[PDB]
Each structure stands twice: as C-alpha cells, then as structure tokens.
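Structure, as structure tokens:
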Amino acid sequence: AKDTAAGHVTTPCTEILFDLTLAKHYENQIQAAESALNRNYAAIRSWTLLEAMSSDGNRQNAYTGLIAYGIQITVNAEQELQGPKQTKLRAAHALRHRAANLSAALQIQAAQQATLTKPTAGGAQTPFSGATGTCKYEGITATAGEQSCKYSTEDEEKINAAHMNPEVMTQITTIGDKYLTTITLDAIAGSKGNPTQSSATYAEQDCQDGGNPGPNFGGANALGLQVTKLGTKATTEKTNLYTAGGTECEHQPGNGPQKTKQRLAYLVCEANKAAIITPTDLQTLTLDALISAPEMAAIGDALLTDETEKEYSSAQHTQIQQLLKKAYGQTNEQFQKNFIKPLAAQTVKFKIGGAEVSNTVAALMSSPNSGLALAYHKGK
Amino acid sequence: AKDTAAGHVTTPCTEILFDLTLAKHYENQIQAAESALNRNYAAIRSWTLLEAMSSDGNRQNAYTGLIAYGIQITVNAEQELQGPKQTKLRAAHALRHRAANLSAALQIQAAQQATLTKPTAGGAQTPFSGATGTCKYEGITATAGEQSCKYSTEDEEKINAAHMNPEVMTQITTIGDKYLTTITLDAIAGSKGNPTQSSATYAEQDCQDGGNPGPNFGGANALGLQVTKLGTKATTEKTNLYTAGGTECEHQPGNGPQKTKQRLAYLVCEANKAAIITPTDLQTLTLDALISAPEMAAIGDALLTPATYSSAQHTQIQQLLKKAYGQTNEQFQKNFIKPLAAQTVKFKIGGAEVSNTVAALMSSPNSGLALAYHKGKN
Ligand SMILES: *[C@@H]1O[C@H](CO)[C@@H](O[C@@H]2O[C@H](CO)[C@@H](O[C@@H]3O[C@H](CO[C@H]4O[C@H](CO)[C@@H](O)[C@H](O[C@H]5O[C@H](CO)[C@@H](O)[C@H](O)[C@@H]5O[C@H]5O[C@H](CO)[C@@H](O)[C@H](O)[C@@H]5O)[C@@H]4O)[C@@H](O)[C@H](O[C@H]4O[C@H](CO)[C@@H](O)[C@H](O)[C@@H]4O[C@H]4O[C@H](CO)[C@@H](O)[C@H](O)[C@@H]4O[C@H]4O[C@H](CO)[C@@H](O)[C@H](O)[C@@H]4O)[C@@H]3O)[C@H](O)[C@H]2NC(C)=O)[C@H](O)[C@H]1NC(C)=O
Ligand SMILES: *[C@@H]1O[C@H](CO)[C@@H](O[C@@H]2O[C@H](CO)[C@@H](O[C@@H]3O[C@H](CO[C@H]4O[C@H](CO[C@H]5O[C@H](CO)[C@@H](O)[C@H](O)[C@@H]5O[C@H]5O[C@H](CO)[C@@H](O)[C@H](O)[C@@H]5O)[C@@H](O)[C@H](O[C@H]5O[C@H](CO)[C@@H](O)[C@H](O)[C@@H]5O)[C@@H]4O)[C@@H](O)[C@H](O[C@H]4O[C@H](CO)[C@@H](O)[C@H](O)[C@@H]4O[C@H]4O[C@H](CO)[C@@H](O)[C@H](O)[C@@H]4O)[C@@H]3O)[C@H](O)[C@H]2NC(C)=O)[C@H](O)[C@H]1NC(C)=O
C-alpha cells in the first residue's frame, strides 16, 4: 500500500513525473491554505461593514464578536503557516530543480549515434608513440533529436498526488548519479596490412594506403575507428525518508557531504512532516461550530456579558454559550440568515464624492470602494 | 550603456548568473509588494484596536479614517498585484529552469578525458569487414569532477539587479543549443605490425601479441584506440526583447514553434513590462502624505463632516483633516504612528494575562481577543 508513486519510478521520465507531481502537491497545499486565509480576511472585511450598518447595539456586538473571532484565528493561522510553507517550498524548489537537471541530462544521454569526420593518417604520434600507423579523428559528434517524456495511463495513475499523502511515503527513487555526470561509449579500431602516414585516402572516412583503396578496407593497408554506440544506462536508486523509529528524518544535514538523493529525501521528509493547519472557513461558519470554538468563550464574556478575569468554570461557560445563542440566534438557520447570507445577498448602495457605489457586502468590501463604504457608514 | 548585464554573459556560468539574478529580481519585486501589503494590514489591525480603545468621538473618527484609507489602498494594491505577479513568476520559473538545464549540461560538457575499458582483440567484424585485426572497446566513460561556477566581483557587479531595470534591457544572451544536445570528441587509432584476433594481451588497454608486449605498442603486433578529448564548446547568441516600436514584446507565442531563447525573451519582456506598484507604507505615513492622498478627500468628507468637490470644498476638507490628524507631522507621528510600537496594551479576561505593544499584539495569537475586550468596555 505504501510507496505506490515512488515504486513506479523506473526511468528518467518517471522520476521527473514524480518530482514535479510532488512539488505541485506541496505547492497546492500552500495555495489552499492561503486561499482559506484570503476568504477569512474577506469575511472580516464584510462583517466590519455590517457592524458599521447596524443600529442595534446587540446586533452591533454580534458582528464585533465575529470580527474578533475571525481576526484571532486567521492571524494565528497565517503566522502558523509560515514555517510549514517555507519547509514545503524548499522541497518543491529542489524537486523542480532536480527534474530540470534530469530533463537536460536525458537530452544528452539520448545521443546514441556518432557522426564520423574525415581523419588524417599519421605514423608514431602521441598517444601511440609505438604505432607504425595512426588514423586520427577530430570533432566526432553525437546528437539526438528533441527528447520528450511520454506517459502511460498507468504512469499517471500511480505517480499521482492521490498517492502522495505523508502516511504512505517511506522512500524516494532517483536515477543514479552517473546519468548526470558520465558519457559512455563503445568504440572499435580496425587494421589491415601496414597502415602508415601514406595511408592518406580518406574517402571511406578511414586511412587507406596503397593497394586499391575503397569501401570496407580496400587498400592493402587500412586503419580506422568507429564510435558505435553512446549513452549511459539510467539506473534507479532508493533512499529512505525516515530512521528506524519511523519519525525522524534519515538524512539530516550536518553529518558530512551528501548525495543529491540524500539531500532530496531530507527535504521531502521534512515537507511531509510539516502538516499545514487550515483555519475554520468563516464564510461557511455554522452556529454550532462558532459556539463550540473555545476562542468564543473569552470573546463572548467580553461583549455579551453585562459586568471575569479568572478562568471560566463549567457553569460560567454554559452561561457564555447561552449568551452566544442569544446574540447569534438559537438555530443555525437564524445564524446563516443574519450573519452568513448577508455576505452575498445583502445590497449596499451609496454616493459621496461624485462616486456611485452599488454592490453587495462581500464583493464591495473586496473592491476598490471598500474603505470608502466603511467611512461612509461609520459617518452616519 | 544599455544591456550591461546581458552584455557580460560570455560563458555558461555567466548566463546561469544572469538567469538566476533576474529571476530573483522578479521574485524580490513581488516580495517587496507583498511585504508592504502585510505591513499595511498589520497597521489596519493596530488602528482597529486603537479606535476601540478611544473614548473621544473625534479621535475615534480619526482612527476610522486611517482604517478606511488603509483598507481601500491595500485591498486595491493586493488585487492589482496578482496579474503582474503571475507574469513575473512565469519568467522567474523559466529562467531558473534554464539555469538548471545549463548547469546540468555544464557538468557533462566538462567531462574532457576518457577512461578506457579492457578491449577484446578480433579479426574482421562489423563495422570493419576487411580488417586483419580489430580491437573492440565497450563502455569507455568520460567523467569530470564536480563542477562549480566561479565568479569574479566584476561578474557580480555587472550581472546585478541594479542593472536590470526595464528601461536598460533590450536583449538576452544565451548559450547556443548544441551545448545542451551535442557530445564532441577526438579519437585516434594506432596500429603496429599485424594485429589479429590472437592479439589478446590487454595489459595496456590495447590489443598486442608477439614479441615483448607492453607500453607504447611494445608487442610485435598491436592495435588500439584512444578518445583523447571530449567537450562541446559553448557559444553565445543574442535575442531581441522588443519589436520595431521598442514597446511591444517580440517572440510572442502562437507563431509556430520557437527556440528556447525566443520563448525566454518573450517571458522576460512581458515580466519587464508588468510593473508592480508597491502601496503606500501605512506604518511610516507622514501627515503630508495622508492629507494629500486623493482617497482622503471622500473619506474625510464622510467621517469629519457629506456632499454627494469645488475648489472651496477641497480647502475645507484639508483643514478638517489637519483638525483630526494634527497640524504638524510630529503631532501625527505622536498620536497615530508612534503608538503602534510604543504604546503597551494590557488586560485580563479568560484566565489569561496579556501585555504587548499595539502592533505586536494585533498580529499575535491574542489579537482578536484584545479587540473584543476593549470594544466591550466601550
Ligand atoms: C530545459 O531543458 C528541457 C530538456 O531538454 C527542455 O524540455 C523540453 O522542452 C521541449 C520544448 O518545449 C519540449 O518539447 C515540446 O513539448 C511541447 C509540449 O507538449 C506536451 O503538451 C502539449 C500541450 O501544449 C501537448 O500537445 C503534447 O501532446 C502531444 O504529443 C503527445 C505524445 O504523442 C500526444 O499524446 C498528444 O496527442 C499530442 O500530440 C499532438 O501533437 C504532437 C506534436 O506536439 C504530434 O506529434 C501528434 O501527432 C499530435 O498532433 C504534450 O503533452 C510540445 O508542444 C512541442 O511540440 C511542438 O514543437 C516541436 C518543436 O519544438 C514540434 O516538433 C512539434 O511538432 C510541435 O510543434 C507544433 O505544435 C506547436 C504547439 O501547438 C505549434 O506551435 C507548432 O506550430 C506546431 O503545430 C503544428 O503541429 C500541430 C500538431 O502536429 C498541429 O496541430 C498544428 O496545426 C501545426 O501543424 C515540443 O514537443 C520537451 O518535451 C521537453 N523535454 C523534456 C525531456 O522535458 C526545456 O525546454 C528547457 N527549459 C528551459 C526554460 O530552457
Ligand atoms: C542540479 O544540477 C546542478 C549542476 O550539476 C547541481 O549544482 C551543483 O550542486 C552541487 C551540490 O550542491 C554544488 O557543489 C557544492 O558547491 C558548494 C558551493 O561551492 C562554491 O562556493 C564554495 C564556498 O566558497 C565561497 O564562499 C565562501 C563563503 O562565502 C567565500 O569565503 C569564498 O571566497 C567563496 O566565495 C565565492 O563564491 C560564492 C558562491 O559562488 C560567492 O557568493 C562569493 O561572492 C564568491 O564569488 C567554494 O568553496 C566552492 O569551491 C570549491 O570547489 C571549487 C570547484 O570549482 C574549487 O575550485 C575550490 O577549490 C573549492 O574546493 C565553490 O566555489 C560547496 O560548498 C559544496 O561543497 C561541499 O560539499 C562537497 C560535496 O558535495 C565537498 O566536495 C566540499 O568539500 C564541501 O563539503 C564539506 O564542507 C561543507 C561545508 O559547506 C560541510 O558541511 C561538509 O560536511 C563537508 O565537510 C558543493 O561542492 C555545485 O557547485 C553545483 N554546480 C553547479 C554547476 O551549479 C545541483 O545540485 C542539482 N540540483 C538538484 C536539485 O539536483
């Protein structure tokens, strides 16, 4: 059940797909948390206008309670996100950098056929100081066409963010370092007769001397070489994320130099361990969620009591809760109606310095006229 | 005079430096704007608390004007940032991707010396069907030590964000494509006597037999080869960022396939055009900045006394603003700016003692709680 995604990595292209998919996963987690913060801050702006439009002291106090609750939880969550966000971005960055690296090495290791140039025949020249004949080539090249990664339906099912929850990941798979450092080639030389400096008929891209030079080794004395294949084998390597106990990161830095895969496993381990805590969605808050939130015990005592310093007893909390039900309604439907539905449904319109505003509450408070509408209504 | 940084790109490592430096420039432009938005919202939370602790209705009105002005300008700048942010991030990503690509190619193109394997002596075999001897090698390899980019202080001064304003950038410099696609090598075959399939003494990583084999074709018959040099030479290419008018981006996508360098040029040009406007810093606002901000005309008219503005009305609103916020900047600083860091706020409610300055408290895990306490006393 574990390691479905990493266990499917067998090739440069599938490691690339793993590396990019995991990077986007972490990036998506940061985005979802920040969109949730954005919605919470937009709700607090909406309730700030609604408080400014209340004439009821009790309703006014109810909106102020939601502003105070939302500010506390959203500011706290934004502050809490910063550590995990930076840990997850560090991993995502390295994974995309590794995938780029591999994609470039993939293009070069795909160059598997050589283009021979016209050699020059010689005698005893370095590095063959004991040869009687040498055939010397310069600027042999090997190039492949533009390489692309192509993926099977199985590839995309297994190497998928659905398989990248922290609880199923114990290892990563990487292509071995020689794929990124080493050129590998096969070559063969061939001799015939007595190749010498005179073996200077090159039409066959070799060094043919003096018989009837021509195709294959036509001349009585021929010498040549050919690079017959190039390309380094991509071998796969496994790296563990955790130590024996299953909790600590295995490749913590500071224990000497590390292979690329060891650096990556550490970053992935820490990014998996850095679970983001997404705050409550204010815009879809429910009455029972609100009254059960422990922050609303002290906030309710601040706004809804008449007269507590010390910590609340059981009877004191249940008092605060009934005050909370009075302020916010006794049923969710009332709560939704008077505090949630006004965000999208309540219409606000005004006109001040020659500037007509006609929006609904949440859209207006996230618009260029937002602060002008707050000043207008706090002014009446 | 223009293109100082791109004009210093002469090697793979200086293109890498240029690519990363420009990417960080775009990234730091976004971070500067988003850092301003963060400080603004934290100022607005600070003034929200200062308003709730205010007993004077007129001083309360003043804080609500700062709250309203800040929310208006910060919400607007946040929304305006999103387009340019995405355009600059598109460029920064691609530039970091190119730099990674070029770094990986450099590691491979630095492999300049081969290690031979032990060969196998043959007779005629493909691709040498006429040979009397062949000497066949499998898995010859070329590897460099770990490559780094070493930069001079002149590199870092010329390839620098200070040389990457939009007005000085007309081209980019890139290493030509063959550096990233093509292996280049030199090789030489050597023969002596009559090499045959019996030339199976391989101590020299060549094929020898007869006589006294050993170094430099010591045997009576010998054949072998050596790859004496590897590495493709990196050449530079220039790409223009703008079309003939000098304002619209060249190499726009949707005109057939493009070279890597042309895709990069378009992204850089659009990122250069997508200028980010950083909002006014609320936490360091001066009085003249506040009263002369055009948003404060309507915002003062709404809270300080509202027409639905002549020359006169604008004069009237200005002195209304000086009335609320101060006649001097030292007063405005003292009453509205300095208390964010200098005014300690304390209280006690939920069995929790809380003491902090205003701005720190309104960004702390007790921020909303402090707001409910003071709006509750009021
Ligand atoms: C760092 O270093 C790395 C490593 O070297 C670099 O990474 C490489 O970068 C290159 C260049 O970007 C990559 O190669 C390009 O890949 C493009 C993306 O393709 C994917 O996504 C697109 C969606 O945008 C999708 O269409 C593709 O799927 C197609 O192919 C699969 C596989 O068969 C198939 O399942 C799909 O059905 C699609 O097939 C259609 O299209 C194929 C051609 O693409 C046809 O062969 C097929 O019959 C079918 O029609 C894929 O999922 C891709 O768009 C690029 O292809 C372009 O450009 C090529 C030249 O570069 C050219 O040879 C191709 O023919 C194609 O050109 C055509 O399409 C483009 C885009 O629409 C048009 O602008 C052109 O005008 C042209 O259109 C004609 O042909 C059309 C289709 O035939 C036709 O409709 C139209 O009418 C026209 O006649 C490249 O393949 C490469 O993948 C990367 N490699 C690796 C290993 O990562 C990296 O760049 C570098 N980074 C930096 C910053 O330096
Ligand atoms: C994608 O592919 C990429 C391409 O393949 C790949 O990139 C490569 O990554 C590797 C791995 O990270 C890189 O190698 C590492 O490079 C580190 C940095 O090396 C350079 O800088 C060092 C520090 O010296 C500078 O800074 C000092 C302090 O500020 C100054 O006092 C110096 O004057 C000097 O300043 C100059 O350079 C600064 C940076 O450019 C610059 O800010 C400043 O202005 C000024 O210009 C240098 O020491 C180092 O030089 C070493 O190597 C060069 C080779 O050219 C020699 O000429 C020198 O003689 C010297 O030996 C570079 O200039 C290294 O720190 C790091 O080294 C450690 O690890 C390796 C093994 O991996 C060991 O061999 C080495 O000894 C080090 O190990 C030890 O020390 C550490 C302490 O840090 C210790 O913890 C550890 O236990 C151990 O004891 C390593 O070599 C490589 O550079 C990248 N290459 C390229 C082309 O980019 C990338 O990883 C891939 N990415 C993914 C995701 O896969």
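Whatever order the structure lists them in is the order used to number ligands and atoms, beginning at 1. Because only heavy atoms are used, hydrogens play no part in the values below, and waters and symmetry mates are left out as well, while side chains stay in. Every chain is numbered from 1 and lettered A, B, ... according to where its sequence line falls, protein lines coming before strand lines.
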_I want to confirm something. Looking only at heavy atoms, which of A:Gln147, B:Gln258, B:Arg98 is nearest to atom 97 (C) of ligand 1?_
A:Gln147
*Do you see a protein non-hydrogen atom under 4.0 Å from atom 80 (O) of ligand 2?*
no
*Any idea which of B:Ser103, A:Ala99, B:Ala100, B:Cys13 brings a heavy atom closest to atom 5 (O) of ligand 2?*
B:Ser103
_Heavy atom of protein closer than 4.0 angstrom to atom 94 (C) of ligand 1_ = yes
*asked:* Does atom CD (B:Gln31) have a neighbourhood of more than 12 heavy atoms from anything else shown, all under 6.0 Å?
replied: no
*Output yes when a protein non-hydrogen atom is found under 4.0 Å of atom 74 (O) of ligand 1, and no otherwise.*
yes
*Give a yes or no on whether atom 83 (O) of ligand 2 lies under 4.0 Å from any heavy atom of the protein.*
no
*asked:* If I apply the N/O under 3.5 Å rule, does B:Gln147 come out as touching ligand 2?
replied: yes
*asked:* Quick check: closest heavy atoms across A:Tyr26 and A:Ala91, and the distance to 0.1 Å?
replied: CE1-CB, 3.6 Å
*asked:* I'd like to check whether A:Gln107 has a polar contact with ligand 1, where a contact means an N/O of the residue lying under 3.5 Å from an N/O of the ligand.
replied: no
*List the closest protein heavy-atom neighbour of atom 58 (C) of ligand 2: residue, atom name, distance to the nearest 0.1 Å.*
B:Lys150 NZ, 4.8 Å
*Among protein heavy atoms, which lies nearest atom 62 (C) of ligand 1, and at what distance?*
B:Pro257 CG, 4.7 Å
*Considering heavy atoms of the protein only, find what lies nearest to atom 32 (C) of ligand 1 and give residue, atom and distance to 0.1 Å.*
A:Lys150 CE, 3.7 Å
_Checking a contact table here: which protein heavy atom is nearest atom 98 (O) of ligand 1, and how many Å away?_
A:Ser103 CB, 3.9 Å
*What are the atoms of ligand 2, with element, lying closer than 4.0 Å to any heavy atom of A:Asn101?*
1 (C), 2 (O), 3 (C), 99 (C), 101 (C), 102 (N), 103 (C), 105 (O)
*Which protein heavy atom lies closest to atom 44 (O) of ligand 2, and at what distance to 0.1 Å?*
B:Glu156 OE2, 2.7 Å
_If the cut-off is 4.0 Å to any non-hydrogen atom of A:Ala94, which atoms of ligand 2 fall inside it?_
104 (C)
*What atoms in ligand 2 come closer than 4.0 Å to a heavy atom of A:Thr260?*
105 (O)
*Close-contact set for ligand 1 against B:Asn101 heavy atoms, below 4.0 Å*: 1 (C), 2 (O), 3 (C), 99 (C), 101 (C), 102 (N), 103 (C), 105 (O)
*asked:* Less than 4.5 Å apart, side chain to side chain, heavy atoms only: is that true for B:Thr174 and B:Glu15?
replied: yes
_Atoms in ligand 2 flagged as close to B:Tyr151, the criterion being non-hydrogen separation under 4.0 Å_ = 46 (O)
*asked:* Protein non-hydrogen atoms only, distance under 4.0 Å: does atom 85 (O) of ligand 1 have such a neighbour?
replied: no
*Would you say B:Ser148 has any N or O atom under 3.5 Å from an N or O of ligand 2, going by distance alone?*
yes
_Protein contact to atom 12 (O) of ligand 1 [nearest heavy atom, distance to 0.1 Å]_ = B:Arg263 NH2, 3.6 Å
*When you check the gap from the basic side-chain N to the acidic O, do B:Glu27 and B:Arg96 get nearer than 4.0 Å?*
yes
*Taking only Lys NZ, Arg NE, NH1 and NH2, and the carboxylate oxygens of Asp or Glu, determine whether B:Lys229 and A:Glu138 approach each other closer than 4.0 Å.*
no
*side chain to side chain contact (heavy atoms under 4.5 Å, CB included) between B:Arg98 and B:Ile175: does it pass, once the steps are laid out?*
CA-CA 10 Å; B:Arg98 165 60 171 196; B:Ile175 303 301; 4.0 Å; yes
*Any protein heavy atom lying closer than 4.0 Å to atom 9 (O) of ligand 1?*
no
*Could you name the option among A:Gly254, A:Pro257, A:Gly256, A:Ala104 that has the heavy atom nearest to atom 78 (O) of ligand 2?*
A:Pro257
_As a test of the contact definition, would atom 1 (C) of ligand 2 count as having a protein heavy-atom neighbour under 4.0 Å?_
yes
_With the threshold set at under 4.0 angstrom, would you say B:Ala94 reaches ligand 1 through any of its heavy atoms?_
yes
*Do A:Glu146 and ligand 1 have an N or O pair less than 3.5 Å apart?*
yes
*Heavy-atom check, side chain of B:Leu102 versus side chain of B:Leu180, under 4.5 Å*: yes
*Give a yes or no on whether atom 60 (C) of ligand 1 lies under 4.0 Å from any heavy atom of the protein.*
yes
*4.0 Å protein heavy-atom contact status of atom 25 (C) of ligand 1, strictly under*: no
*asked:* Going by side chain to side chain contact (heavy atoms under 4.5 Å, CB included), A:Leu17 matches just one of A:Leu20, A:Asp19, A:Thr21. Which one?
replied: A:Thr21
*asked:* Is it the case that ligand 2 has an N or O less than 3.5 angstrom from some N or O of B:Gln107?
replied: no
*Should A:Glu34 and A:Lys85 count as an ion pair when the cut-off is N to O under 4.0 Å?*
yes
*How about A:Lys273: does its NZ atom have over 12 heavy atoms from other parts shown lying under 6.0 Å from it?*
yes
_Checking contacts now, so for atom 34 (C) of ligand 2, which I'm interested in, is there any protein heavy atom under 4.0 Å?_
no
*For B:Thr4 and B:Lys158, run side-chain hydrogen bond (donor to acceptor under 3.5 Å, both in side chains): C-alpha distance rounded to whole Å, both residues' side-chain angles, the deciding distance at 0.1 Å, then the answer.*
CA-CA 6 Å; B:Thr4 291; B:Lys158 270 160 141 225; over 6 Å; no
*Could you check atom 90 (C) of ligand 2 against the protein and tell me its nearest heavy-atom contact, residue, atom and distance included?*
B:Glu146 OE1, 3.6 Å
*For atom 75 (C) of ligand 2, state whether the nearest protein heavy atom is under 4.0 Å away.*
no
*asked:* Quick check on atom 66 (C) of ligand 2 - does any protein heavy atom sit closer than 4.0 Å to it?
replied: no
*Indicate whether atom 55 (C) of ligand 1 is within a distance of less than 4.0 angstrom of some protein heavy atom.*
no
*asked:* Can you confirm whether A:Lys233 is buried at NZ, in the sense that more than 12 heavy atoms of other residues, nucleotides or ligands lie under 6.0 Å from that atom?
replied: no
*Under 4.0 Å from atom 29 (O) of ligand 2, is there any protein heavy atom?*
no
*asked:* What's the separation between atom CD1 in A:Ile108 and atom OH in A:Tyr179, rounded to the nearest 0.5 Å?
replied: 10.0 Å
*Stepwise side-chain hydrogen bond (donor to acceptor under 3.5 Å, both in side chains) check, A:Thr182 with B:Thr143*: CA-CA 5 Å; A:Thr182 303; B:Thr143 314; 2.9 Å; yes
*How far is atom 16 (O) of ligand 1 from its nearest protein heavy atom, and which residue and atom name does that atom have?*
A:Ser148 OG, 4.4 Å
*Which of the numbered atoms in ligand 2 are below 4.0 angstrom from a heavy atom of A:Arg263?*
100 (O)
*So B:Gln107 and A:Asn101, side chain to side chain contact (heavy atoms under 4.5 Å, CB included) or not? Walk me through it.*
CA-CA 10 Å; B:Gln107 180 60 49; A:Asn101 276 4; over 6 Å; no
*So, A:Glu167 and A:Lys2, do they make that salt bridge, N to O below 4.0 Å?*
no
*Using a distance threshold of 4.0 Å (strictly less than), state whether atom 99 (C) of ligand 2 has a protein heavy-atom neighbour.*
yes
*Protein non-hydrogen atom below 4.0 angstrom of atom 101 (C) of ligand 1 present*: yes
_A:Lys88 with A:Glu270: basic N within carboxylate O range, under 4.0 Å_ = no
